[PDB]
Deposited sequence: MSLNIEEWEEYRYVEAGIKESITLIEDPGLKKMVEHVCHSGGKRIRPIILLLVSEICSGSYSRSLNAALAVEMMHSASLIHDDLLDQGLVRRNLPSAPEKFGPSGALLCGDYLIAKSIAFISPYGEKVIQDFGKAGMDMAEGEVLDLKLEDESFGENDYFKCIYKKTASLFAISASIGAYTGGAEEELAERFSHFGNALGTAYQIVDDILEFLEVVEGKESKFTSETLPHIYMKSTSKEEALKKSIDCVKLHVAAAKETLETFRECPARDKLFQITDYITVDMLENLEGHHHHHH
């Protein structure tokens, strides 16, 4: 029950306050929709938890957490625009919650807003934030166009988890060395997270690109699944190995909980 955590409540509060700032009725309505997805605000919470691990506090990290969530939301909106109305042009138009123009502009608005929110954190944090945004765009380009698959997961998904953790560390007073270790934890979790998502997606196709599909180009179906799940366990193990090197406290305990919650628990 992450919705019960103080960290979750703080992020939700920041999100709501953020929404009150939107003047354009249309944009406000769209943003309210993307935030009302029932998600668990994993990325921003990870950022606050890391700040807590490093400093025992997270008050000052709220805007960085919101910036990361805004970037995530912008990517979801743009990806929806891509998948629903920009790639299969000769086929029947797919349904879309927001109009195409609305989806594009709402995403641009959110990215710009994330810049305003990340603005007080300094050069290192802001440069990392920018680099993650670039990785995400490049990742999507690859996504629509073995090695490339994993380069894709890293760029499109792992990257944001990595900076949610490193920025959290930086906002909690961490030096480059420590922030780097958190980056590794984030990359590990994010990778396991995406593979899990791809496994579930692969199974949906079976019911009527993903890792299992990639492996089937040379091996059995189940074997492809077995190696995919082994890939998840490998990265989950890598994530926990790193987490174990950090200060023992409730925030660290929560990071362990999140790790299982979004990876192996989804494979039950």
| property | result |
| --- | --- |
| Where the deposited sequence has no C-alpha coordinates (positions from 1, in order) | 1-3, 149-155, 219-225, 286-295 |
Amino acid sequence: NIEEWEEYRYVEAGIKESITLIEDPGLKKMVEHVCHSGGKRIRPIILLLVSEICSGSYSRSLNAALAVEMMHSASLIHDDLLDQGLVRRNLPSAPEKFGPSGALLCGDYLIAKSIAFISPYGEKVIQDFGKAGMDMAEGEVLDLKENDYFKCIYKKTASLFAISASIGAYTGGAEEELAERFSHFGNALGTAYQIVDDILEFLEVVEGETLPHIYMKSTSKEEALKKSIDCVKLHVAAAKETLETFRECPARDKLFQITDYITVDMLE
From here on, numbers count along this sequence of modelled residues.
property: Average Cα temperature factor in the PDB entry - higher stretch of 188-196, 146-154; result: 146-154
property: Stretch with the higher entry mean CA B-factor, where the candidates are 87-95 and 102-110; result: 87-95
property: Per the PDB entry, maximal CA B factor within 42, 239, 68, 225; result: 225
property: Criterion, highest CA B-factor; candidates, 62, 243, 216, 46; result: 216
property: Cα B factor band for residue 128 (lowest, middle or highest third within the chain); result: lowest
property: Position of residue 221 among the chain's modelled residues by C-alpha B-factor, lowest, middle or highest third; result: highest
property: Third of chain Cα B-factors occupied by residue 51; result: lowest
property: Modelled-residue ranking by C-alpha temperature factor, third containing residue 141; result: highest
property: Residue 235 CA temperature factor, ranked by third within the chain; result: lowest
